[PDB]
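Going down the list, the sequences are from chains EE, cc, KK and RR.
So the first sequence is numbered by the deposited numbering: it starts at 99 and just counts up by one.
So the second sequence is numbered by the deposited numbering: it starts at 13 and just counts up by one.
So the third sequence is numbered by the deposited numbering: it starts at 38 and just counts up by one.
So the fourth sequence is numbered by the deposited numbering: it starts at 35 and just counts up by one.
Step one of this worksheet: look at the structure below.
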Amino acid sequence: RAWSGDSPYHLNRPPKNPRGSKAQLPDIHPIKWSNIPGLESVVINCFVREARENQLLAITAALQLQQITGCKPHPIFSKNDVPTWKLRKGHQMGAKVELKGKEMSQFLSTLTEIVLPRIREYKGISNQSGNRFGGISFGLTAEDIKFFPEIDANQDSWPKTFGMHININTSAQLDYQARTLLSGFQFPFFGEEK
Amino acid sequence: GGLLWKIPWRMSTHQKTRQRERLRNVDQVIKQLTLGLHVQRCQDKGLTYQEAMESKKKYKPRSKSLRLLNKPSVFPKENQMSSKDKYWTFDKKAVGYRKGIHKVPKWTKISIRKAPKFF
Amino acid sequence: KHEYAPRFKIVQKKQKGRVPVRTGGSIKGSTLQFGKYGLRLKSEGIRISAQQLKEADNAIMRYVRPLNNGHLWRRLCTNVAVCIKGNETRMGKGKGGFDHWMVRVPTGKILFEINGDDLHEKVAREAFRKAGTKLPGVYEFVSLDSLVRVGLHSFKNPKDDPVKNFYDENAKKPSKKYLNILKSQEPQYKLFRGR
Amino acid sequence: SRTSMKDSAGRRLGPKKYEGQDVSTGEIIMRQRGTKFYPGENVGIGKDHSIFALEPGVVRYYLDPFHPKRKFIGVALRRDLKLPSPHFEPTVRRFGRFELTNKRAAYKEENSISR
RNA sequence: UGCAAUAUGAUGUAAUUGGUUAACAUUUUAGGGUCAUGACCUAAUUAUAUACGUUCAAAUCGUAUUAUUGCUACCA
RNA sequence: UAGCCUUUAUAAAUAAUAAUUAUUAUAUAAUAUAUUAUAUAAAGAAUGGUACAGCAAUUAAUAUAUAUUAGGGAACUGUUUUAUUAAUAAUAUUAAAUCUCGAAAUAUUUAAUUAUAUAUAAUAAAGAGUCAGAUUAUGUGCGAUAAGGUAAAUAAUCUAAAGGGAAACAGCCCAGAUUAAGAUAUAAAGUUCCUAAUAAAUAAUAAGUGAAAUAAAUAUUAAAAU
RNA sequence: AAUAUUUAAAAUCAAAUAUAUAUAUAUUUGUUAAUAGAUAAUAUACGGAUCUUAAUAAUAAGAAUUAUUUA
RNA sequence: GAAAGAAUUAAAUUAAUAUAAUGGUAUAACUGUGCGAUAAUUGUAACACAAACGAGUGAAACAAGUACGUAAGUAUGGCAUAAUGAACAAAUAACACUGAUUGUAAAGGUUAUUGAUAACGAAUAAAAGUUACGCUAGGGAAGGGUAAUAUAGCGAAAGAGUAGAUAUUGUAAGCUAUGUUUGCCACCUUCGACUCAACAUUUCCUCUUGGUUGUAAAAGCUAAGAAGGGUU
Ligand SMILES: [Mg+2]
Ligand SMILES: [Mg+2]
Ligand SMILES: [Mg+2]
Ligand SMILES: [Mg+2]
Ligand SMILES: [Mg+2]
Ligand SMILES: [Mg+2]
Ligand SMILES: [Mg+2]
Ligand SMILES: [Mg+2]
Ligand SMILES: [Mg+2]
Ligand SMILES: [Mg+2]
Ligand SMILES: [Mg+2]
Ligand SMILES: [Mg+2]
Ligand SMILES: [Mg+2]
Ligand SMILES: [Mg+2]
Ligand SMILES: [Mg+2]
Ligand SMILES: [Mg+2]
Ligand SMILES: [Mg+2]
Ligand SMILES: [Mg+2]
Ligand SMILES: [Mg+2]
Ligand SMILES: [Mg+2]
Ligand SMILES: [Mg+2]
Ligand SMILES: [Mg+2]
Ligand SMILES: [Mg+2]
Ligand SMILES: [Mg+2]
Ligand SMILES: [Mg+2]
Ligand SMILES: [Mg+2]
Ligand SMILES: [Mg+2]
Ligand SMILES: [Mg+2]
Ligand SMILES: [Mg+2]
Ligand SMILES: [Mg+2]
Ligand SMILES: [Mg+2]
Ligand SMILES: [Mg+2]
Ligand SMILES: [Mg+2]
């Protein structure tokens, strides 16, 4: 918000912060042919907290992300320091992979085809989830990852399995556009919207 | 404050007359300084001394100091000042925020014509 | 709640300083902005401690409390901290320990404000008069129709103060830096920056 | 009682050469902490961010439109020269070095080569 | 800066012309004990300091790594 | 030792001091939206961040039947709401030695010109004394916005300064003693007498207030304007 | 006349001045008094005397206080 | 109409900077990366800032060599301001400069480096107290100013006073007066008793008077005028 000119102190004053937020928010354009909500990337976040003691377990995360997603996993190292959690800064604990294009499409398909329709109490993705401007996230527990074809085939070589975070980025301007979009790719929703 | 500097807080009628005269003298010095510049410029244009004094147009000074000294707002003339400003000065550590002008060092020579608008 | 007890994280033994004499004729803090009646200083600038303001406040509240929707606004904060050594000490040995808080109130600053659905304009005048007897200056009574005081004997009505935009005024008399900034956007300078 | 009397003597900073002054090579035209004034033309800068002239001339304080929000100090090669020199004009250089007319001096210099 | 000596159980002590993780001892129990105490029997200890060559062969020799204490050179 | 003083001199010496022009804009005319001349206005070439002014960011303070989160009782009858409180958001109002988004005057300082030349700077050779300061005025640190207090900053005087004035008076207002005279101007200060010198105009005071060192909050009486 | 506020040249009004000049703009100046409160030690202490006016009536006095001025 | 690129504009120095605070930094001085390990080199250093001297700071330029970069060019340590110590006497090495009759040598000299005088311009390699038994040369290198404190008054009145703030009492804050107590500055280097007292009144008694649902009388409380006499 610009400074109204009524005093000789506004000439070089930096502008005020937005009304209710400390960060500027983007504009929302009407949907047209050029801009139609569509997918752009999918990011898998895996933070093995137990790696604080056994670092060797973090490697198993990279393998798990590799086998499932099929792309090279970029590792995740600590950044903060919480003594209450025995958390130390500068240690490897997990891996992440950026998925785009066809490989992301395969992941999304195999997630809804195989892994998702195998949880006993599954109801869908919460309608409350999602960044205000596009982007939807959910999470898979430790036991859900056993449902992937590449772990089910070699259960012997996968003694330990553990959950991860999923984030689907899309060209949707707002969340509700994304939810309608993702529903076309066989994604269920259960909660009540905002 | 044992030592006695018996300086009164008010002026006598005779000190006031002299103060008014001193202010007038300073104004007359300023009035004469401008007059010389006007006459000198007129002589430069070709005029003579007599017609320069009788010229309807009076060339105003161009120097910053003389231009401001001729502004009544900046340097008021004796007939334009208030009685308070003639005899009283502004001190921020005095009751009434004013003190006798005669208490200013070298008041006879120094010139203090302007005081803050509301003080 | 902390008007007379500021919560500075780090305590500092502030200098003595001097009570400002607003030579520029500023009216900031000298106008009613929260209530219907108020109290302000008439004499020269002075410093008021927390104890004096606390006790002046108690006098006013003695009349605000027996009222409906009665509010008292405190326009003054005891920002300055003053330290006083004991009398029985030689001069020197640094600065003494903190004792209380002060506030520098210029000639015409408003200290309190009152409002209520039934004030009658008489209890307000009595309350402020009594509260003034506990403070170290001379004060009077202000209302929405009262003129704003700017000096010991001079008054001013803020409505007559002109209103002007300064962005356009700057363009009328631009500064050297502003001209350079405007001149930098020119194509013969923006297209050859090399950045 | 314990009192803090430890205070460093002030550093004699500030402009040591004002606008219009005629300077020589290496003269310090400003000692400042940080770069409050950036170097301009025919002038250098040192470890202490001290600005010093590189060629004889006249010191001028100016603002370059290429670098808004940046004051400058330079050394115009001549009094009648405005320092923010036009961008697309040949730079004003100074040869400075003189010709060796003496025969012996010329002979020595011609027969003087790098190792 | 140079030099020398220690440093065994958790307890404080062994001891060595190498060829031993040895006992008193501390704690947990057991047994006789009307009941105890006091005896006798067990169970854990020693990184008998740090880490490597010669030695059937290394805590018994010195190096590399250490923790403590002392005597020396500089001392403007 | 430097700083402040003195003696003698050197020119390829004015380099010293002081001020003006510089800059922006308006109006008129000439020249090819620009240049020149003339007049006028503007705190007027370059550097700065004090007063003032302000609440920008930082540090603090106040209020909202405003909104959200969480806490708790009641109502509803476990729900939501209400009673609220702390925090944040929004609006409005404030201040500060170590805040300056705005910003003076003084100040630092530059080239040319002009004026001071019975005048300044610089330089060379030789001599000192001083290194306990005081008051007044202004802006401050300490003290208690106390001290004929203490510590610094700027200017003047005393120190080392006669004379006039403040009754008397080192430091305040004038004014600087070569020796005479005493005609004329006078500075500060005064003119009923002591005591050198006066007559007036318009209002107020009735208290000897006051008349050459103003004592406050408040109360009473009266006078103007709304 | 009674009652309640302030004692103000900021705003308004009046007047003066500089520019375009019968007008307008700009600048400058103009807004209460007395008393009580009232205070210690050799002796009243404006330096002292003393200073407020009065027609009948003098050649002739009528602040020597405060505020703004003149010659 | 669409996709990609070059990017531009606004905001930002609040993060980060080896280390305190301040100034600077996005054109980054901050971060990542390749080469590198080079300039964390060598002899002359004019000229300036600062400055009593000793010292300290920036650095153009000439010459030898090195690293990076296609090149232009950059590098004489760290974004800048702290991270320090004189001589004397000793110690180590290099130069080839003297070599006390000559030749060597010894010893000194030039160049480079070493060790702390922290009272940090460092009086020695090496030094604490007592004196009322004291001594010499010097300087002051109760009065006065102030009134925090103390005493007293004034303004307003919270609250007691059977009722009612103002018969009497009067929290805490405010405005003053005195210099009678405890202090502060340094212009100025004897408590008590006996005898005699003089002066002030902020009056203890005596004289006149106002108030006192708290003046029935008498005793009393408070206050005004009053310093003539008296006050173990
Ligand atoms: Mg202020
Ligand atoms: Mg400093
Ligand atoms: Mg000397
Ligand atoms: Mg000259
Ligand atoms: Mg300051
Ligand atoms: Mg600024
Ligand atoms: Mg001295
Ligand atoms: Mg003194
Ligand atoms: Mg002397
Ligand atoms: Mg004299
Ligand atoms: Mg003199
Ligand atoms: Mg003379
Ligand atoms: Mg009198
Ligand atoms: Mg007299
Ligand atoms: Mg006016
Ligand atoms: Mg007397
Ligand atoms: Mg750094
Ligand atoms: Mg910083
Ligand atoms: Mg210098
Ligand atoms: Mg030197
Ligand atoms: Mg660097
Ligand atoms: Mg020695
Ligand atoms: Mg030889
Ligand atoms: Mg020999
Ligand atoms: Mg030798
Ligand atoms: Mg000693
Ligand atoms: Mg004795
Ligand atoms: Mg005394
Ligand atoms: Mg009561
Ligand atoms: Mg009290
Ligand atoms: Mg009496
Ligand atoms: Mg009776
Ligand atoms: Mg008698």
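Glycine included, C-beta positions come from ideal geometry on N, C-alpha and C.
Could you name the residues that DSSP lists as bridge partners for residue i?
i, result
"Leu238/EE", "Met262/EE"
"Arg141/KK", "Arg84/KK"
"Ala87/RR", "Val77/RR"
"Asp56/RR", "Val92/RR"
"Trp110/KK", "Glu150/KK"
"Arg77/KK", "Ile147/KK, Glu177/KK"
"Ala193/EE", "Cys144/EE, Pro173/EE"
"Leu49/cc", "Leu49/cc pairs with nothing; no bridge assigned."
Is residue j closer than 9 Å to residue i when the C-beta atoms are compared?
i, j, result
"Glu163/KK", "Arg77/KK", "no"
"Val213/EE", "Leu185/EE", "no"
"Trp110/KK", "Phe165/KK", "no"
"residue 158/RR", "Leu117/RR", "Residue 158/RR cannot be examined here, being either before or after the span of chain RR that is shown, 35 to 149."
"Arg102/KK", "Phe149/KK", "no"
"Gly174/KK", "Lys79/KK", "yes"
"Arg65/RR", "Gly48/RR", "yes"
"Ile147/KK", "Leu69/KK", "yes"
"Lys193/KK", "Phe131/cc", "no"
"residue 304/EE", "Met191/EE", "Because chain EE here runs from 99 to 292, residue 304/EE falls outside it and cannot be looked at."
"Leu49/cc", "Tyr71/cc", "yes"
I believe residue i touches residue j by the beta-carbon criterion, under 8 Å. Please report the beta-carbon distance rounded to the nearest angstrom.
i, j, result
"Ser35/RR", "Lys130/KK", "4 Å"
"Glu89/RR", "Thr59/RR", "7 Å"
"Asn217/KK", "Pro120/RR", "No, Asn217/KK and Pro120/RR are not in contact; Cβ-Cβ is about 15 Å, not under 8 Å."
"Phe102/cc", "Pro128/cc", "6 Å"
"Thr210/EE", "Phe283/EE", "7 Å"
"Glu290/EE", "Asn225/EE", "6 Å"
"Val57/RR", "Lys50/RR", "With a Cβ gap of about 10 Å, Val57/RR and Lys50/RR do not count as contacting."
Say yes only if the C-beta of residue i is nearer than 8 Å to one or more non-hydrogen atoms of ligand 2, and no if none qualify.
i, result
"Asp41/RR", "yes"
"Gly44/RR", "yes"
Is it the case that the CB of residue i approaches a heavy atom of ligand 1 more closely than 8 Å?
i, result
"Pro90/RR", "no"
"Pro57/KK", "yes"
(message) Check whether the segment 157-166 of chain EE and the segment 240-251 of chain EE touch, using three or more Cβ-Cβ pairs below 8 Å as the test.
(response) yes
The segment 143-156 of chain EE touching the segment 198-205 of chain EE, judged by at least three CB pairs closer than 8 Å
no
Please confirm if the segment 124-138 of chain EE is in contact with the segment 251-269 of chain EE, defined as three or more CB-CB distances below 8 Å between the two stretches.
yes
*asked:* Contact between the segment 39-53 of chain KK and the segment 98-118 of chain KK is defined here as three or more beta-carbon pairs at a separation below 8 Å; is this criterion met?
replied: yes
- Task: Count the C-beta pairs between the segment 62-70 of chain KK and the segment 101-117 of chain cc that are closer than 8 Å, then say yes if the count reaches three, no if not.
- Result: no
Original post:
Quick one: any contact between the segment 222-232 of chain KK and the segment 55-69 of chain RR, if contact means 3 or more CB pairs under 8 Å?
Top reply: no
Check your understanding: Three or more beta-carbon pairs under 8 Å between the segment 196-210 of chain KK and the segment 93-110 of chain RR, yes or no?
Key -> no
- request: Taking 8 Å as the threshold, find out whether the segment 28-48 of chain cc comes into contact with the segment 60-79 of chain cc through three or more Cβ pairs.
  value: yes
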